[PDB]
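Undergrad: Contents of coords-v2.txt (compact mmCIF, C-alpha atoms and all ligand atoms) are given next:
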# COMPACT_ATOMS: atom_id res chain seq x y z
CA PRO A 1 9.10 76.39 149.30
CA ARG A 2 7.69 78.75 150.61
CA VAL A 3 8.68 80.00 154.09
CA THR A 4 11.13 82.22 155.92
CA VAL A 5 13.38 80.64 158.56
CA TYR A 6 15.42 81.98 161.45
CA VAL A 7 19.06 82.95 160.95
CA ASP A 8 21.52 84.42 163.43
CA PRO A 9 21.83 88.15 162.60
CA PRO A 10 25.26 88.98 161.18
CA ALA A 11 27.48 91.45 162.96
CA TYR A 12 28.45 94.53 161.01
CA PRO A 13 31.99 93.52 159.94
CA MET A 14 34.93 95.81 160.50
CA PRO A 15 37.02 96.91 157.49
CA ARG A 16 39.68 94.32 156.60
CA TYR A 17 42.41 96.92 156.76
CA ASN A 18 43.01 100.57 157.54
CA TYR A 19 41.96 103.08 154.85
CA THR A 20 40.20 106.40 154.32
CA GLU A 21 36.79 106.30 152.63
CA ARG A 22 36.05 109.22 150.27
CA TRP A 23 32.36 110.17 150.42
CA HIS A 24 30.06 112.10 148.09
CA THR A 25 32.50 112.10 145.16
CA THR A 26 31.28 112.15 141.58
CA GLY A 27 32.64 111.78 138.07
CA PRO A 28 31.52 110.79 134.58
CA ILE A 29 31.42 107.02 134.17
CA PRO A 30 33.27 106.22 130.91
CA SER A 31 31.64 104.49 127.98
CA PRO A 32 31.69 100.66 128.08
CA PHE A 33 31.78 100.60 124.27
CA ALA A 34 35.06 100.10 122.45
CA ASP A 35 35.81 101.19 118.90
CA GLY A 36 34.59 98.58 116.41
CA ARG A 37 38.12 98.17 115.03
CA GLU A 38 39.31 96.33 118.12
CA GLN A 39 39.15 92.58 118.66
CA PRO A 40 36.04 91.26 120.43
CA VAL A 41 35.94 91.53 124.20
CA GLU A 42 36.34 88.15 125.91
CA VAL A 43 33.05 86.42 126.76
CA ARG A 44 32.23 84.10 129.65
CA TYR A 45 28.97 82.29 130.40
CA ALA A 46 27.12 82.13 133.72
CA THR A 47 23.99 80.07 134.37
CA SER A 48 22.16 78.36 137.22
CA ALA A 49 20.99 74.77 137.49
CA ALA A 50 18.16 75.92 139.80
CA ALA A 51 16.24 79.15 140.30
CA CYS A 52 17.20 79.67 143.96
CA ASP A 53 20.93 79.07 143.45
CA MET A 54 23.58 81.68 143.79
CA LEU A 55 25.31 82.49 140.53
CA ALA A 56 28.85 83.82 140.19
CA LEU A 57 30.38 86.02 137.49
CA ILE A 58 34.07 85.21 137.94
CA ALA A 59 36.95 85.54 135.47
CA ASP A 60 40.42 85.77 137.00
CA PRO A 61 42.04 88.86 135.41
CA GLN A 62 45.60 87.95 136.56
CA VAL A 63 45.83 91.22 138.46
CA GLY A 64 48.93 90.01 140.32
CA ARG A 65 51.00 90.11 137.15
CA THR A 66 49.91 93.71 136.55
CA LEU A 67 50.96 94.60 140.08
CA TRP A 68 54.28 92.62 139.75
CA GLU A 69 54.98 94.75 136.66
CA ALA A 70 54.48 97.94 138.71
CA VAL A 71 56.95 96.67 141.31
CA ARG A 72 59.55 96.02 138.72
CA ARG A 73 59.10 99.58 137.43
CA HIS A 74 59.78 100.53 141.07
CA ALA A 75 56.41 102.27 141.15
CA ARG A 76 55.43 103.63 144.56
CA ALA A 77 51.68 103.20 144.06
CA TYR A 78 48.99 102.35 141.53
CA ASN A 79 45.38 103.44 141.07
CA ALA A 80 42.48 101.22 140.02
CA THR A 81 38.80 101.43 139.10
CA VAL A 82 36.26 98.62 138.84
CA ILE A 83 33.10 99.16 136.79
CA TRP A 84 30.22 96.92 135.75
CA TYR A 85 27.53 97.53 133.13
CA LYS A 86 24.47 95.79 131.75
CA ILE A 87 24.81 95.97 127.94
CA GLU A 88 21.62 96.22 125.88
CA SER A 89 20.96 97.16 122.25
CA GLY A 90 22.58 100.57 121.70
CA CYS A 91 22.84 101.40 125.42
CA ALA A 92 24.26 100.35 128.78
CA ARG A 93 23.04 100.64 132.37
CA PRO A 94 25.81 101.44 134.90
CA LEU A 95 25.71 98.84 137.70
CA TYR A 96 28.81 99.35 139.85
CA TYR A 97 31.68 101.77 140.35
CA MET A 98 34.53 101.47 142.85
CA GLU A 99 37.63 103.67 142.87
CA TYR A 100 40.94 102.67 144.51
CA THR A 101 43.66 105.30 144.96
CA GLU A 102 47.28 105.07 146.17
CA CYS A 103 47.55 101.31 146.42
CA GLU A 104 50.54 99.19 147.32
CA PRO A 105 51.71 97.10 144.33
CA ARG A 106 53.71 94.73 146.56
CA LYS A 107 50.45 93.74 148.31
CA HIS A 108 47.40 91.93 146.97
CA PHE A 109 45.03 93.98 144.84
CA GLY A 110 43.14 96.71 146.65
CA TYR A 111 45.47 97.54 149.54
CA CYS A 112 44.81 101.25 149.08
CA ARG A 113 45.04 104.35 151.22
CA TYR A 114 41.81 105.74 149.78
CA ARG A 115 38.62 104.13 148.56
CA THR A 116 35.25 105.32 147.63
CA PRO A 117 32.34 103.38 148.98
CA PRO A 118 31.14 101.15 146.15
CA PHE A 119 28.54 102.86 143.97
CA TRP A 120 25.68 100.54 143.04
CA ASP A 121 22.54 100.19 141.09
CA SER A 122 20.12 99.98 144.05
CA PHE A 123 18.21 97.08 142.56
CA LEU A 124 21.21 94.90 141.74
CA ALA A 125 22.64 95.60 145.20
CA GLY A 126 19.55 94.02 146.76
CA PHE A 127 20.55 90.52 145.64
CA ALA A 128 24.18 90.76 144.45
CA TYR A 129 27.56 91.68 145.90
CA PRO A 130 31.26 91.54 144.95
CA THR A 131 33.39 88.48 145.48
CA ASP A 132 36.00 88.55 148.23
CA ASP A 133 38.67 89.76 145.79
CA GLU A 134 36.13 92.39 144.57
CA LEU A 135 36.77 91.50 140.91
CA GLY A 136 33.71 89.28 140.41
CA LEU A 137 30.03 89.34 141.30
CA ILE A 138 27.77 86.94 143.16
CA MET A 139 24.02 87.04 142.50
CA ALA A 140 21.61 85.42 144.97
CA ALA A 141 18.56 83.80 143.35
CA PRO A 142 18.33 86.40 140.55
CA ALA A 143 15.02 86.93 138.79
CA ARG A 144 14.76 85.87 135.13
CA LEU A 145 14.78 89.50 133.98
CA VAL A 146 18.43 89.66 135.17
CA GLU A 147 19.36 87.62 132.07
CA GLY A 148 21.55 89.44 129.64
CA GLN A 149 25.02 90.77 129.03
CA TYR A 150 27.21 92.05 131.86
CA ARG A 151 30.46 93.88 131.16
CA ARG A 152 33.22 94.28 133.73
CA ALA A 153 35.70 97.09 133.03
CA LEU A 154 38.95 96.98 135.02
CA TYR A 155 41.16 100.06 135.07
CA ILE A 156 44.36 98.92 136.78
CA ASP A 157 47.56 101.01 136.82
CA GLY A 158 46.48 102.54 133.50
CA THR A 159 45.71 99.23 131.79
CA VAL A 160 42.07 98.66 130.91
CA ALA A 161 40.52 95.24 130.29
CA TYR A 162 36.91 94.29 129.52
CA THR A 163 35.17 90.98 130.16
CA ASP A 164 31.60 90.13 129.15
CA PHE A 165 29.43 87.62 131.03
CA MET A 166 26.31 86.16 129.41
CA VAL A 167 23.91 85.35 132.26
CA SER A 168 21.20 82.81 131.43
CA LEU A 169 18.50 81.72 133.88
CA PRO A 170 16.43 78.96 132.25
CA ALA A 171 15.06 77.64 135.56
CA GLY A 172 12.97 80.82 135.91
CA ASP A 173 12.25 83.10 138.82
CA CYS A 174 12.94 81.79 142.29
CA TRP A 175 9.89 82.10 144.50
CA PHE A 176 11.66 84.74 146.63
CA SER A 177 13.62 86.57 143.87
CA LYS A 178 13.64 90.34 144.08
CA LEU A 179 11.47 91.76 141.31
CA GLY A 180 11.73 95.48 142.06
CA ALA A 181 9.40 98.14 143.38
CA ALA A 182 6.45 99.69 141.58
CA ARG A 183 5.57 99.21 139.12
CA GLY A 184 7.93 97.23 137.63
CA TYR A 185 11.02 99.40 138.31
CA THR A 186 14.19 97.30 138.45
CA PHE A 187 17.44 98.59 136.96
CA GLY A 188 18.40 102.21 136.58
CA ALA A 189 18.32 103.79 133.14
CA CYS A 190 20.03 102.49 129.99
CA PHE A 191 22.21 105.28 128.50
CA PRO A 192 23.43 105.69 124.90
CA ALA A 193 27.16 105.60 124.21
CA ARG A 194 26.87 109.32 123.43
CA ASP A 195 25.67 110.05 126.97
CA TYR A 196 28.81 108.42 128.39
CA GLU A 197 31.05 110.25 125.90
CA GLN A 198 29.52 113.62 126.86
CA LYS A 199 30.27 112.96 130.55
CA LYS A 200 26.60 112.95 131.58
CA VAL A 201 26.61 109.63 133.47
CA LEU A 202 27.68 111.06 136.84
CA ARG A 203 28.10 108.28 139.39
CA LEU A 204 26.79 110.27 142.37
CA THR A 205 23.70 111.24 140.35
CA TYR A 206 22.67 107.78 139.14
CA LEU A 207 24.12 105.20 141.55
CA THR A 208 23.97 104.64 145.31
CA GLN A 209 26.97 104.74 147.63
CA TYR A 210 26.63 101.52 149.64
CA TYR A 211 28.31 99.15 152.12
CA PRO A 212 31.80 97.70 151.53
CA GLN A 213 31.99 94.18 150.18
CA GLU A 214 32.02 92.14 153.40
CA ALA A 215 29.10 94.08 154.92
CA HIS A 216 27.28 93.95 151.57
CA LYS A 217 27.85 90.19 151.48
CA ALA A 218 26.47 89.92 155.04
CA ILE A 219 23.19 91.66 154.12
CA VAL A 220 22.54 89.58 151.01
CA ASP A 221 23.55 86.28 152.61
CA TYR A 222 21.28 87.05 155.59
CA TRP A 223 18.36 87.73 153.26
CA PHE A 224 19.22 84.70 151.10
CA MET A 225 19.45 82.16 153.90
CA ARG A 226 16.38 83.47 155.72
CA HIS A 227 14.55 82.29 152.58
CA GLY A 228 16.27 78.90 152.67
CA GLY A 229 19.19 79.66 150.33
CA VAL A 230 22.48 77.86 150.93
CA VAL A 231 25.73 79.77 150.36
CA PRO A 232 28.29 77.54 148.62
CA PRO A 233 31.75 77.72 150.19
CA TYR A 234 33.30 78.37 146.75
CA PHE A 235 32.36 79.31 143.20
CA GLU A 236 34.10 78.14 140.09
CA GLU A 237 35.40 80.42 137.36
CA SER A 238 32.83 81.34 134.72
CA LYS A 239 33.39 79.35 131.56
CA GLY A 240 34.34 80.41 128.06
CA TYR A 241 31.71 78.31 126.25
CA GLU A 242 27.92 78.27 125.93
CA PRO A 243 25.69 76.13 128.21
CA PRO A 244 23.99 72.86 126.99
CA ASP B 1 0.51 110.26 148.86
CA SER B 2 0.22 113.38 146.72
CA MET B 3 1.34 116.99 147.04
CA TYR B 4 0.51 120.11 145.08
CA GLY B 5 2.39 123.39 144.95
CA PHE B 6 2.41 126.36 142.63
CA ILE B 7 5.39 127.52 140.62
CA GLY B 8 7.73 129.76 142.52
CA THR B 9 6.72 128.36 145.90
CA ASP B 10 8.64 126.43 148.53
CA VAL B 11 7.46 122.97 149.57
CA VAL B 12 8.36 120.53 152.35
CA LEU B 13 8.73 116.83 151.50
CA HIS B 14 8.32 114.68 154.62
CA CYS B 15 10.37 111.57 155.28
CA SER B 16 10.85 109.85 158.63
CA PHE B 17 11.74 106.33 159.76
CA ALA B 18 9.46 104.94 162.49
CA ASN B 19 9.55 102.78 164.52
CA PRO B 20 13.21 101.80 164.00
CA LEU B 21 13.31 98.06 164.61
CA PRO B 22 15.55 97.00 167.52
CA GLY B 23 18.78 95.66 166.13
CA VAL B 24 18.50 97.67 162.88
CA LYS B 25 21.35 100.06 162.12
CA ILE B 26 20.60 103.11 159.93
CA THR B 27 23.35 104.41 157.64
CA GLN B 28 21.93 107.20 155.44
CA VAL B 29 18.82 108.77 153.89
CA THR B 30 18.42 109.55 150.19
CA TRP B 31 15.86 111.39 148.08
CA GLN B 32 15.37 110.33 144.46
CA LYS B 33 13.17 111.71 141.68
CA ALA B 34 11.70 109.24 139.16
CA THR B 35 11.26 110.11 135.44
CA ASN B 36 9.91 107.49 133.00
CA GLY B 37 11.03 105.76 135.27
CA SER B 38 14.80 106.17 135.72
CA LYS B 39 15.69 107.44 139.17
CA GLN B 40 18.16 110.25 139.81
CA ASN B 41 19.44 111.25 143.24
CA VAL B 42 18.24 114.59 144.63
CA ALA B 43 19.97 114.79 148.03
CA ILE B 44 21.86 112.43 150.32
CA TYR B 45 22.23 112.65 154.10
CA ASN B 46 24.85 110.43 155.73
CA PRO B 47 25.04 111.14 159.50
CA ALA B 48 28.73 110.20 159.61
CA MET B 49 29.86 111.86 156.37
CA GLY B 50 27.44 114.73 155.84
CA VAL B 51 25.05 116.04 153.21
CA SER B 52 25.24 116.16 149.42
CA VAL B 53 22.78 117.92 147.10
CA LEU B 54 22.89 117.06 143.40
CA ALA B 55 22.53 119.36 140.40
CA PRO B 56 20.13 120.82 139.40
CA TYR B 57 18.97 121.22 143.04
CA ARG B 58 22.17 122.46 144.58
CA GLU B 59 20.86 125.67 146.03
CA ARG B 60 17.13 124.80 146.15
CA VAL B 61 17.13 121.78 148.52
CA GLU B 62 17.96 121.68 152.22
CA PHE B 63 17.50 119.08 154.94
CA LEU B 64 15.41 120.64 157.71
CA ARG B 65 16.24 118.44 160.73
CA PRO B 66 18.57 115.78 159.31
CA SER B 67 19.28 112.70 161.42
CA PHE B 68 19.32 108.91 161.32
CA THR B 69 15.50 108.87 161.21
CA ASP B 70 14.60 112.15 159.44
CA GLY B 71 15.26 113.10 155.82
CA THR B 72 12.66 115.84 155.43
CA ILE B 73 13.70 118.48 152.88
CA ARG B 74 12.41 121.84 151.66
CA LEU B 75 12.31 122.07 147.85
CA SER B 76 12.44 125.79 147.03
CA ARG B 77 11.32 127.91 144.07
CA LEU B 78 9.38 125.11 142.37
CA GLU B 79 9.60 124.65 138.61
CA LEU B 80 7.34 122.67 136.27
CA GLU B 81 10.06 120.10 135.71
CA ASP B 82 10.07 119.36 139.46
CA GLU B 83 6.82 117.41 138.92
CA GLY B 84 6.99 113.68 139.50
CA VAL B 85 7.47 110.87 141.99
CA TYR B 86 9.93 111.44 144.84
CA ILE B 87 11.36 108.46 146.74
CA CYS B 88 12.96 108.56 150.20
CA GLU B 89 15.21 105.61 151.01
CA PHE B 90 16.86 104.65 154.30
CA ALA B 91 19.87 102.35 153.98
CA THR B 92 19.85 99.91 156.89
CA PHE B 93 21.82 96.91 158.07
CA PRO B 94 21.24 93.93 158.32
CA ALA B 95 17.75 94.25 156.85
CA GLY B 96 18.25 96.37 153.73
CA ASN B 97 16.49 99.46 152.52
CA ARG B 98 13.15 100.99 153.42
CA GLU B 99 11.34 103.46 151.19
CA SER B 100 8.36 105.77 150.87
CA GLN B 101 7.04 107.67 147.86
CA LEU B 102 5.10 110.84 147.14
CA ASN B 103 3.70 112.22 143.90
CA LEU B 104 4.41 115.95 143.60
CA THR B 105 2.35 118.03 141.16
CA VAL B 106 3.36 121.60 140.28
CA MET B 107 0.60 123.91 139.10
CA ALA B 108 0.36 127.00 136.95
CA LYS B 109 -0.69 130.24 138.62
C1 LIG C 1 46.24 108.35 141.53
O1 LIG C 1 45.23 109.39 141.42
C2 LIG C 1 45.62 110.69 141.91
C3 LIG C 1 44.41 111.58 141.79
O2 LIG C 1 43.22 110.87 142.13
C4 LIG C 1 46.80 111.19 141.10
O3 LIG C 1 47.19 112.48 141.56
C5 LIG C 1 47.95 110.21 141.24
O4 LIG C 1 49.03 110.64 140.41
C6 LIG C 1 47.53 108.80 140.81
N1 LIG C 1 48.60 107.86 141.07
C7 LIG C 1 49.00 106.92 140.20
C8 LIG C 1 50.13 106.05 140.65
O5 LIG C 1 48.47 106.79 139.11
Take the structure in the file and write it out as structure tokens.
TA:
Amino acid sequence: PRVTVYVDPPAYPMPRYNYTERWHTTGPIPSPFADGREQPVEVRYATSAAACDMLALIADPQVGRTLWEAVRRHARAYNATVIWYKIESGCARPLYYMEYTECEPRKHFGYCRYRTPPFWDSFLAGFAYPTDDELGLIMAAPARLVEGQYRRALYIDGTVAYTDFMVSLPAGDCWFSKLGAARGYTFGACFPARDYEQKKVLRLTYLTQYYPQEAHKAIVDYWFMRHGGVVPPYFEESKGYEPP
Amino acid sequence: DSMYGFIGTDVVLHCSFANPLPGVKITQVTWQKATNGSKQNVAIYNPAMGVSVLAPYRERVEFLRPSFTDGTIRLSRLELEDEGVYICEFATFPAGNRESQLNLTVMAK
């Protein structure tokens, strides 16, 4: 603690591959709540040993098998959607929405002719970004108020799979953690299940179209390391059991 | 900053980026209205991809001189419910977003 340091500015990275980006689209974000009859959604645990660490929410969803199954059905293309939510008592805040259309099942996930820009909760996007495979999240020195329950919803070729991550931050705020603007404003609003069901949670109305993953990663890493953060070269999978 | 306007009137919400830092790339401008507080987008200007106005504002909001550094809008035919905090946000790279606020108060006549 407690000083900024100099870091080479990152170049704006080019897109990894050739696609068309669909701007200013909207649509109702679906409810993250499943019928109580169904088995519990899988739970993983994410925590930091130190307040200025990066923290990953990673759970391999075996998306290659889903795509191998489309190839054996001789499917030409598949669609996918990736959504994240913060789950609170009776309500959920939408955090992230990314839509992939006309994708090649014989390639790795996300080789798609069209993409939206990723839709974000502005506040989360200030210190967090998708993993390289775009199926997990990395958080850079999150504030303690980030603690809670994070639900990933994967819509992939019609399948839908949920994963919950319990984020715990016992080491407290990092001295440079982002705490929000005034007063006090951090996450966008928590909506009841009914609001999702009634198609009120329009993504263009409540989230921000933002930079693709590699450019998003470059912004947050730049900010993180200017405050002395070190980016680990890898993250391990989030674990299925509670921390000590 | 605070503004006042009577119902039925038109009003001009100012938003400009100065002085753009050297080496800072600007990507889009966005107006948001804050409730209690739970922001909703009002209008988006992306120089590369164009403008988008969100319901309920879709005929009542227009960018006057939209550009990388100007997001000034005219909010037309004011209603009581238009009262509140309005936030103008520039998305920039590599340095992140830059904002400004203004309290708007709508009056009875
Ligand atoms: C993907 O979505 C488009 C509309 O967005 C639809 O017309 C098309 O049938 C979908 N393709 C697949 C393989 O689901």
Undergrad: Which residues sit within 12 Å of ligand LIG 1 (chain C), counting all atoms listed in the file, listed as a CSV table (one decimal) with C-alpha atoms, keeping the file's coordinate frame?
TA:
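Final output, pocket_13.csv:
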chain,number,residue,atom,x,y,z
A,22,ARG,CA,36.0,109.2,150.3
A,25,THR,CA,32.5,112.1,145.2
A,27,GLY,CA,32.6,111.8,138.1
A,67,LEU,CA,51.0,94.6,140.1
A,70,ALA,CA,54.5,97.9,138.7
A,71,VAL,CA,57.0,96.7,141.3
A,73,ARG,CA,59.1,99.6,137.4
A,74,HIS,CA,59.8,100.5,141.1
A,75,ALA,CA,56.4,102.3,141.2
A,76,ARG,CA,55.4,103.6,144.6
A,77,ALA,CA,51.7,103.2,144.1
A,78,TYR,CA,49.0,102.4,141.5
A,79,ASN,CA,45.4,103.4,141.1
A,80,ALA,CA,42.5,101.2,140.0
A,81,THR,CA,38.8,101.4,139.1
A,99,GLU,CA,37.6,103.7,142.9
A,100,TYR,CA,40.9,102.7,144.5
A,101,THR,CA,43.7,105.3,145.0
A,102,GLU,CA,47.3,105.1,146.2
A,103,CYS,CA,47.6,101.3,146.4
A,104,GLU,CA,50.5,99.2,147.3
A,105,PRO,CA,51.7,97.1,144.3
A,112,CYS,CA,44.8,101.2,149.1
A,113,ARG,CA,45.0,104.4,151.2
A,114,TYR,CA,41.8,105.7,149.8
A,115,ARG,CA,38.6,104.1,148.6
A,116,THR,CA,35.2,105.3,147.6
A,155,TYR,CA,41.2,100.1,135.1
A,156,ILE,CA,44.4,98.9,136.8
A,157,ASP,CA,47.6,101.0,136.8
A,158,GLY,CA,46.5,102.5,133.5
A,159,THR,CA,45.7,99.2,131.8
Undergrad: If we count all atoms listed in the file, what is near segment 185-197 of chain A at a cut-off of 6 Å, once residues fewer than 6 positions away on the same chain are taken out, given as JSON, numbers by chain?
TA: {"A": [30, 31, 91, 92, 93, 123], "B": [38]}
Undergrad: Output as JSON lines one row per residue of chain B within 8 Å of chain A: the closest atom pair and its distance in Å to one decimal place, counting all atoms listed in the file, sorted by chain and residue number ascending.
TA:
{"residue": "B:37", "atom": "CA", "partner": "A:185", "partner_atom": "CA", "distance": 7.0}
{"residue": "B:38", "atom": "CA", "partner": "A:189", "partner_atom": "CA", "distance": 5.0}
{"residue": "B:39", "atom": "CA", "partner": "A:188", "partner_atom": "CA", "distance": 6.4}
{"residue": "B:40", "atom": "CA", "partner": "A:206", "partner_atom": "CA", "distance": 5.2}
{"residue": "B:41", "atom": "CA", "partner": "A:205", "partner_atom": "CA", "distance": 5.1}
{"residue": "B:42", "atom": "CA", "partner": "A:205", "partner_atom": "CA", "distance": 7.7}
{"residue": "B:49", "atom": "CA", "partner": "A:23", "partner_atom": "CA", "distance": 6.7}
{"residue": "B:52", "atom": "CA", "partner": "A:24", "partner_atom": "CA", "distance": 6.4}
{"residue": "B:54", "atom": "CA", "partner": "A:205", "partner_atom": "CA", "distance": 6.6}
{"residue": "B:93", "atom": "CA", "partner": "A:219", "partner_atom": "CA", "distance": 6.7}
{"residue": "B:94", "atom": "CA", "partner": "A:219", "partner_atom": "CA", "distance": 5.2}
{"residue": "B:95", "atom": "CA", "partner": "A:219", "partner_atom": "CA", "distance": 6.6}
{"residue": "B:96", "atom": "CA", "partner": "A:219", "partner_atom": "CA", "distance": 6.8}
Undergrad: Put those residues in a file: C-alpha atoms, as a PDB file, keeping the file's coordinate frame.
TA:
ATOM      1  CA  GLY B  37      11.030 105.760 135.270  1.00  0.00           C
ATOM      2  CA  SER B  38      14.800 106.170 135.720  1.00  0.00           C
ATOM      3  CA  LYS B  39      15.690 107.440 139.170  1.00  0.00           C
ATOM      4  CA  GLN B  40      18.160 110.250 139.810  1.00  0.00           C
ATOM      5  CA  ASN B  41      19.440 111.250 143.240  1.00  0.00           C
ATOM      6  CA  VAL B  42      18.240 114.590 144.630  1.00  0.00           C
ATOM      7  CA  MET B  49      29.860 111.860 156.370  1.00  0.00           C
ATOM      8  CA  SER B  52      25.240 116.160 149.420  1.00  0.00           C
ATOM      9  CA  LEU B  54      22.890 117.060 143.400  1.00  0.00           C
ATOM     10  CA  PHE B  93      21.820  96.910 158.070  1.00  0.00           C
ATOM     11  CA  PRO B  94      21.240  93.930 158.320  1.00  0.00           C
ATOM     12  CA  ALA B  95      17.750  94.250 156.850  1.00  0.00           C
ATOM     13  CA  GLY B  96      18.250  96.370 153.730  1.00  0.00           C
TER      14      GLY B  96
END
Undergrad: Pick out the closest residue to residue 25 of chain B from this set: B:63, B:6, B:90, B:57. Count all atoms listed in the file.
TA: B:90
Undergrad: Please measure the separation of atom CA of residue 174 of chain A and atom CA of residue 231 of chain A, giving the value in Å to one decimal.
TA: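 These atoms are spaced 15.3 Å apart.
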Undergrad: In Å to one decimal, how far is atom CA of residue 138 of chain A from atom CA of residue 45 of chain B?
TA: 28.5 Å
Undergrad: Which is closer to residue 82 of chain B than all the others in B:44, B:51, B:7, B:15, using only C-alpha atoms?
TA: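 Distance minimum relative to residue 82 of chain B lands on B:7.
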Undergrad: Go ahead and compute the interatomic distance for atom CA of residue 34 of chain B and atom CA of residue 149 of chain A, in Å to one decimal.
TA: 24.9 Å
Undergrad: Would you kindly return, as a ChimeraX atom specification, each protein, DNA or RNA residue with an atom no farther than 8 Å from any atom of residue 29 of chain B, considering all atoms listed in the file and excluding same-chain residues fewer than 3 positions away?
TA: /B:44-46,68,70-71,88-91
Undergrad: Please dump the current selection as a JSON list (two decimals), in the coordinates of the input; keep C-alpha atoms.
TA:
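Once everything was written out, this is selection34.json:
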[["chain", "number", "residue", "atom", "x", "y", "z"],
["B", 44, "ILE", "CA", 21.86, 112.43, 150.32],
["B", 45, "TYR", "CA", 22.23, 112.65, 154.10],
["B", 46, "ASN", "CA", 24.85, 110.43, 155.73],
["B", 68, "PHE", "CA", 19.32, 108.91, 161.32],
["B", 70, "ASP", "CA", 14.60, 112.15, 159.44],
["B", 71, "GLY", "CA", 15.26, 113.10, 155.82],
["B", 88, "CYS", "CA", 12.96, 108.56, 150.20],
["B", 89, "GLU", "CA", 15.21, 105.61, 151.01],
["B", 90, "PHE", "CA", 16.86, 104.65, 154.30],
["B", 91, "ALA", "CA", 19.87, 102.35, 153.98]]
Undergrad: Calculated over all atoms listed in the file, which of the candidates B:64, B:9, B:3, B:76 has the smallest distance to residue 109 of chain B?
TA: B:9
Undergrad: Could you tell me which of A:212, A:243, A:110, A:32 comes closest to residue 64 of chain A if we count only C-alpha atoms?
TA: A:110
Undergrad: Skip residue 43 of chain A itself and residues of its chain fewer than 4 positions away, then list as a PyMOL selection string all residues within 7 Å of it, counting only C-alpha atoms.
TA: chain A and resi 163-165+240
Undergrad: Compare B:48, B:61, B:80, B:87 by their minimum atom-to-atom distance to residue 26 of chain B, counting only C-alpha atoms, and give me the closest one.
TA: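 Between B:48, B:61, B:80, B:87, the residue approaching residue 26 of chain B most closely is B:48.
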Undergrad: Which of these residues is nearest to residue 86 of chain B, using only C-alpha atoms: B:55, B:12, B:22, B:33?
TA: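 Comparing B:55, B:12, B:22, B:33 against residue 86 of chain B, the winner is B:33.
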Undergrad: Could segment 37-47 of chain A be completed with N, CA, C and O atoms and returned as a JSON list (two decimals), in the coordinates of the input?
TA:
[["chain", "number", "residue", "atom", "x", "y", "z"],
["A", 37, "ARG", "N", 36.91, 98.70, 115.63],
["A", 37, "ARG", "CA", 38.12, 98.17, 115.03],
["A", 37, "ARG", "C", 38.78, 97.12, 115.91],
["A", 37, "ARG", "O", 39.54, 96.27, 115.42],
["A", 38, "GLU", "N", 38.55, 97.18, 117.22],
["A", 38, "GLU", "CA", 39.31, 96.33, 118.12],
["A", 38, "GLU", "C", 38.72, 94.93, 118.17],
["A", 38, "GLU", "O", 37.54, 94.72, 117.87],
["A", 39, "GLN", "N", 39.56, 93.97, 118.54],
["A", 39, "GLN", "CA", 39.15, 92.58, 118.66],
["A", 39, "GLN", "C", 38.01, 92.44, 119.66],
["A", 39, "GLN", "O", 37.81, 93.31, 120.52],
["A", 40, "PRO", "N", 37.21, 91.38, 119.56],
["A", 40, "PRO", "CA", 36.04, 91.26, 120.43],
["A", 40, "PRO", "C", 36.46, 91.18, 121.89],
["A", 40, "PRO", "O", 37.55, 90.69, 122.21],
["A", 41, "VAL", "N", 35.62, 91.71, 122.79],
["A", 41, "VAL", "CA", 35.94, 91.53, 124.20],
["A", 41, "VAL", "C", 35.64, 90.08, 124.58],
["A", 41, "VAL", "O", 34.70, 89.47, 124.07],
["A", 42, "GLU", "N", 36.50, 89.52, 125.44],
["A", 42, "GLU", "CA", 36.34, 88.15, 125.91],
["A", 42, "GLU", "C", 34.96, 87.94, 126.53],
["A", 42, "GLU", "O", 34.42, 88.82, 127.21],
["A", 43, "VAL", "N", 34.40, 86.75, 126.31],
["A", 43, "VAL", "CA", 33.05, 86.42, 126.76],
["A", 43, "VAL", "C", 33.11, 85.18, 127.64],
["A", 43, "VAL", "O", 33.75, 84.18, 127.27],
["A", 44, "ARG", "N", 32.46, 85.25, 128.79],
["A", 44, "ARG", "CA", 32.23, 84.10, 129.65],
["A", 44, "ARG", "C", 30.73, 83.88, 129.80],
["A", 44, "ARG", "O", 29.92, 84.77, 129.52],
["A", 45, "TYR", "N", 30.36, 82.69, 130.27],
["A", 45, "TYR", "CA", 28.97, 82.29, 130.40],
["A", 45, "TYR", "C", 28.66, 81.90, 131.84],
["A", 45, "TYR", "O", 29.44, 81.18, 132.47],
["A", 46, "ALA", "N", 27.54, 82.40, 132.36],
["A", 46, "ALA", "CA", 27.12, 82.13, 133.72],
["A", 46, "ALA", "C", 25.66, 81.70, 133.69],
["A", 46, "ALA", "O", 24.82, 82.39, 133.11],
["A", 47, "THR", "N", 25.36, 80.55, 134.31],
["A", 47, "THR", "CA", 23.99, 80.07, 134.37],
["A", 47, "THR", "C", 23.80, 79.25, 135.64],
["A", 47, "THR", "O", 24.75, 78.79, 136.27]]
